[PDB]
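Below you will find one chain, with nothing else, as structure tokens; this is the form deposited in one PDB entry, and questions on how it binds or moves follow later.
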């Protein structure tokens, strides 16, 4: 699909509300989005989307725990480079 850049503004320390999973090619896939969360309210990131980069950082050959940890500690203006899935 077509790559796009999705931007969020994270000012609080609450869970972003994303659950990730890696598939066979180690592609990072959005497994779940927390209903009513900041992400869900914006409507720009959806289950099945492939995340290629976070804050410009390639997710390649990083584990799920690593990425979730990264997501838990991010604040301010952040981005996901994603390939949406329909």
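Positions refer to the first chain, counted from 1.
Beyond what is shown, the protein has a form solved in complex with a partner chain; the following relates to that form.
Colleague: Between the partner chain and 15, 32 and 71, in the deposited bound form, does every residue show a non-hydrogen atom at 4.5 Å or closer?
Modeller: Affirmative, all three are within 4.5 Å.
Colleague: Taking the partner chain as it sits in the deposited bound form, is residue 19 near enough to touch it, meaning that at least one heavy atom pair lies within 4.5 angstroms?
Modeller: Result yes; residue 19 sits at the interface with the partner chain in the deposited bound form.
Colleague: At 4.5 Å between heavy atoms, is residue 64 in contact with the partner chain in the deposited bound form?
Modeller: Answer yes; at least one heavy atom of residue 64 falls within 4.5 Å of the partner chain in the deposited bound form.
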